[PDB]
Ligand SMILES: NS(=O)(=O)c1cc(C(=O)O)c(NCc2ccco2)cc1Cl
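Single chain ahead, by itself, as structure tokens, in the form solved without the ligand.
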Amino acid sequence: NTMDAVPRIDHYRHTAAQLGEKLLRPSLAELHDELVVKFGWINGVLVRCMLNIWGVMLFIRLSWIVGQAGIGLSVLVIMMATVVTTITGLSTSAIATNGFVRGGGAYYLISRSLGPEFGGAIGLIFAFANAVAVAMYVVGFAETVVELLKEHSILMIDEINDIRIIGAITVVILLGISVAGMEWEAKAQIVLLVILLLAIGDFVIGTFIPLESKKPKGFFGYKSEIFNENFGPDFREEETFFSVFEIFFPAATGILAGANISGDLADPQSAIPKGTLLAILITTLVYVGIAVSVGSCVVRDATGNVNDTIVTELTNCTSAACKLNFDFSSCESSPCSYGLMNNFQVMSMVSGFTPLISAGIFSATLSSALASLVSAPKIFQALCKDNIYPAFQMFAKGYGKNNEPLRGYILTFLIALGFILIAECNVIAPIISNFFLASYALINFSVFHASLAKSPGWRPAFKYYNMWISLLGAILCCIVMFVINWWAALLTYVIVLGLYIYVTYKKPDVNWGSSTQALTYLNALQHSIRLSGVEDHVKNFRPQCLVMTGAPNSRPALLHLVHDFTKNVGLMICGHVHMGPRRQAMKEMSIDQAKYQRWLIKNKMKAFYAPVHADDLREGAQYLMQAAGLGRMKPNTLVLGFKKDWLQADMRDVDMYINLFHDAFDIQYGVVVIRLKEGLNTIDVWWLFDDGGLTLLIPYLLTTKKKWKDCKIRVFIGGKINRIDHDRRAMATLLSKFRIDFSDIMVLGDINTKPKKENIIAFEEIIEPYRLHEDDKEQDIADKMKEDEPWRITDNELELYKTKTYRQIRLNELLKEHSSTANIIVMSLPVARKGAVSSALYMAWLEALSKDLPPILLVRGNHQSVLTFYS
């Protein structure tokens, strides 16, 4: 409260409201200003990741992959898939150990890492991918059970339909077991893991246990010549190495099935890393070991038959089959019985109890399917909670004591059932495999992008993640999805890009500190730094304007006109000076900053809103002109709206306005004054005095823009009579060397001539309330009144400023007579000597010159060399 307090965790909690009644930080103004189920890492992320990786391939098609591709090359396949998977694991660990991750899985990580765009895109893709991987795992189980009940005669319908029936029944059962909370299905996956490990152990023991009954088959029991033969990549008619990797890689996916449970984990940012990485390690070790064992234990082909005798007749027999026995030897002529390349149930028979390995297949398939079916709706409901796609505002309610996406479970069940009864899993497989690849690629790109933008808030807790390995992982994921069904990769990239576009044009109104935001800041900073090293030059001058807008709403069309000759060229800083007590005005600026900056961005005003606190408008603008900008983006021109209200405004205010003029001149700023009717085809430019070229550059830049592109830029000047043609030719060659594509140059000799009586008497009537009438009251009352500036010095300030006023009024008359048909007028701003002219008289000059006309820009330049005709 009154005294500063020691730091506590309570200060930084709930980020909007988290126990705010206790441990609330004291504000700087207060000190200064004077007066329900959660899973551990073992059973929540280790078991689930391990149990999701282990699927159909481990027990069915692995003997095939090690049989065709050689042992030394099948291990290469496994190692490449594991490099991709492990690099993605490090990336996921880096993302997960950054903050506290609320709910969902890969979606939440990627979204909160680098923006709702990639977040929503890849989250939707991953939710679909897991929802259908449910169907893939369950139909693998269907193939297993139908093979078992076709080898054992009893069957009900044709295989292509019995698979559908059994898959539908068991996916219904999977929904039932999953929809009943997560303690129950957690224990269910525990018992499935026990069964799976029993199957692995049975295979290992049986592989160490050879027998003569299986001798006719490829089973021989660790014979060295079998290993020597199987090292080679003995392929088949069609399957190439890339196709082999394509077959295997689905077995590599399934990691971060615990990360998808991040919403229900007891302690993320400590369970995700050492659960996912350790699960990948264990599963890869098991794959490699079992592959080398089965390759070293069984042979390619075996004419399994007792009639195949081990008598071993003395023949050449170059094949190493007869090296063990004449049985299962020399069957290459016709398609012999079975073997690694000719059978799949090798895994079953090399082991001991065939049931204890069959149960391995069922447990692996069910466990992987159940893990995917739990993971998909968590991701989906996290995605729907953020309402990136408002169409799915449902699927996020999550009925139950622990938020469980019942609707998400039903939706993923329907999707899985639909893809089961489609029964075309073979053709859909590459699409979904490289959806998984796309998700992994965006995770590694998540880490790389986060490390690329410095972002002091990046700072993850988990080391071992360096940026280049993550970039390599993204590249490898892209290359692998090219390897797997190139056109599927193109389709996946199209889907990603389409969702990206959809989200970036939706622009969900949400902010969670993307790495994209950090990169934006860092990029803008780096280019400002490189600009700071770029020396100035005439033909790279830009009108970079501080515009005393006030509130940017107050003068809209003025803002548009300035934006016209500053869009995509030069700077535009909309300055607004705030007033009054410091404490209240801090909050005033804080809200106006957001409001007006968003208003500019919404209205495509590439401008910069700069609020300052100051005692009055003059020294607030002094603040702005002195300090606004960054590097060589500091303003060089001050833009004002003509203070139309001076006849009614307090004369101190208009004096402040004129001293603003004078300050801008004093600190080497060009001044532009815009007088237009704000209630809401030639550009006429009367640039009678060489301001330095700015009075040319403004209309030319206006002609550059599309709005004024179809409008001539005819020019007027003043010159002595009898030299009219000479002056016009010199003017034409002068600005033809400036490449200002004029349309008609007019030369006026009527300047410096006494204007009509009506106009002079009108100006005298206007100035009468402020000319101080310095006739009587010689010095005492005269000096007493002059103790405040804003009166015109009758005698003193109308001696030569008499002809100054005459030129002003006559110029106004000339703009009436000649340029009244212009779409826009740009004319030299009159300059009065500092202190020599009463501010009232100078404002009267501006009124007299600028009144009753189309839009006017009274441009006076820095008197530098703004334009050039060199190169």
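Numbers for residues come from their place in the sequence shown, where the first is 1.
The entry models residue 35 and residue 36 with a gap of 10 or more deposited residues left without coordinates.
Coordinates are given for every deposited residue between residue 154 and residue 155; the gap count there is zero.
The same protein has a further form, the form deposited with the ligand bound, not shown here; the description that follows concerns it.
Counting ligand atoms within 2.4 Å of backbone or C-beta atoms, the overlay of the ligand from its pose in the bound PDB entry onto the shown chain yields zero, and the pocket is open.
Residues with any non-hydrogen atom within 4.5 angstroms of the ligand in the bound PDB entry fall in just one of 569-577, 508-516, 289-297, 713-721: 569-577. Proximity to the ligand in the bound PDB entry holds for all of 551, 555 and 643, with the criterion being a heavy atom within 4.5 Å. Although the partner is absent here, residue 660 lies within 4.5 Å of the ligand in the bound PDB entry, judged by heavy atoms.
A residue is said to contact a partner when one of its heavy atoms sits within 4.5 Å of a partner heavy atom; residue 197 fails this definition for the ligand in the bound PDB entry, lying far away. Contact annotation for residue 617: at least one heavy atom lies within 4.5 Å of the ligand in the bound PDB entry.
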